[PDB]
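K.L.:
Give me the fold of what follows.
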Amino acid sequence: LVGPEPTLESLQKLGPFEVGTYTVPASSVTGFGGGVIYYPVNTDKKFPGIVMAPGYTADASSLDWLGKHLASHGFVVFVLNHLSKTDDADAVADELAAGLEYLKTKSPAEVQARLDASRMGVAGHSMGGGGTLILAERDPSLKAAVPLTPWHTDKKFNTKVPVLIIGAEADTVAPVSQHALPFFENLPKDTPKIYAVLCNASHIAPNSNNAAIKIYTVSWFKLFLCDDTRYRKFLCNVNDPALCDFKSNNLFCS
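P.N.:
Numbers count the residues shown, from 1 in each chain. Below is the structure:
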């Protein structure tokens, strides 16, 4: 627990770290189409890593704002591009797995220097959010998972990884009653979990700078990747007019 007390206001602005990027060419990796690594600069500290997948028709650019935002708060964030053969959430989970392994073991020395590989999370949008849930079920070493407007046909994920699902009230692609909410409801009983629904939002709310997404994603990754328990308060007694539904279990709110 280092540095100033977080506030609601501080979570919505860039954090205290300046951000650098390294662009990963498709030709330098296998299992995904390259992507962009965002990381704190002007620091010898190490930070937890987060690998993020954008929606199916998208590239890493579609989550650029969130990569920068998270990195500024003290994370190494790797946003992937898809392989052209990818065609379902399962393949996106393969991309995320390949991205994680790349980030931890095959990224440049400069990136590895900034990374604490013992603390890793995942996030994804749309089909990427489906991929996030599939990967959380496959990879129990992960410390947090954030599916954004997740879209998938299977509803049950057997994972202990803390899951923050952010849905959109007016989602025409992945209606929360058939996607986000079943995903939440079918998680194991002891898994730390949130279901949060953005009022009046579309499926592509996550592709634009969003106050609620900033607050909940930074807090989730801080609590679960960094064990920074000062962020629990943003996840407890939530009375947020930007949300039109909210459920949680096993956050250990006091």
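K.L.:
the strands in the stretch 1-150 of the chain, which residues?
P.N.:
19-24, 35-40, 47-53, 76-80, 115-125, 144-148 (DSSP state E, counting those that start in this stretch).
K.L.:
Tell me how far the first one lies from the chain's centre.
P.N.:
Read that as strand 19-24. Relative to the chain's own centre, strand 19-24 is displaced by 18 Å; criterion: Cα atoms, centre = their mean, to the nearest Å.
K.L.:
can you pull out the helices in the stretch 101-250 of the chain?
P.N.:
Per DSSP state H, counting those that start in this stretch, the stretch 101-250 of the chain carries helices over the ranges 109-114, 127-138, 180-185, 211-225.
K.L.:
Grab the CA positions of the longest one and hand them over as PDB.
P.N.:
Written as PDB, here are the backbone C-alpha positions of helix 211-225 (Å, rounded to 0.1, in the frame of the first residue of the first chain):
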ATOM      1  CA  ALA A 211     -16.100   6.900 -16.400                       C
ATOM      2  CA  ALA A 212     -17.700   3.800 -14.900                       C
ATOM      3  CA  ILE A 213     -15.300   1.400 -16.800                       C
ATOM      4  CA  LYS A 214     -12.400   3.500 -15.500                       C
ATOM      5  CA  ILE A 215     -13.600   3.300 -11.900                       C
ATOM      6  CA  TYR A 216     -14.500  -0.400 -11.900                       C
ATOM      7  CA  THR A 217     -11.600  -1.800 -14.000                       C
ATOM      8  CA  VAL A 218      -8.900   0.200 -12.200                       C
ATOM      9  CA  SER A 219     -10.400  -0.800  -8.800                       C
ATOM     10  CA  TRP A 220     -10.700  -4.500  -9.800                       C
ATOM     11  CA  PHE A 221      -7.200  -4.800 -11.000                       C
ATOM     12  CA  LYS A 222      -5.800  -2.900  -8.100                       C
ATOM     13  CA  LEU A 223      -7.600  -5.000  -5.600                       C
ATOM     14  CA  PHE A 224      -6.900  -8.400  -7.200                       C
ATOM     15  CA  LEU A 225      -3.600  -7.900  -9.000                       C
END
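K.L.:
so what's the spatially most central residue of the chain up against?
P.N.:
For the chain, the residue nearest the mean C-alpha position is residue 123 (2.6 Å; Cα atoms, centre = their mean). Shown in contact with residue 123 (Cβ atoms under 8 Å, 6 or more residues apart in numbering): 50-53, 66, 129, 132, 145-148, 217. Placement of C-beta: from N, CA and C, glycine included.
K.L.:
Could you dump the residues you listed into TSV with neighbour count and distance to residue 16 added?
P.N.:
As requested, the contacts of residue 123 are arranged in TSV below (neighbours: other Cβ atoms under 10 Å; distance: Cβ to Cβ, whole Å):
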residue	neighbour count	distance to residue 16
50	29	17
51	30	23
52	28	21
53	36	27
66	28	17
129	32	29
132	34	27
145	30	25
146	30	22
147	33	28
148	31	25
217	26	17
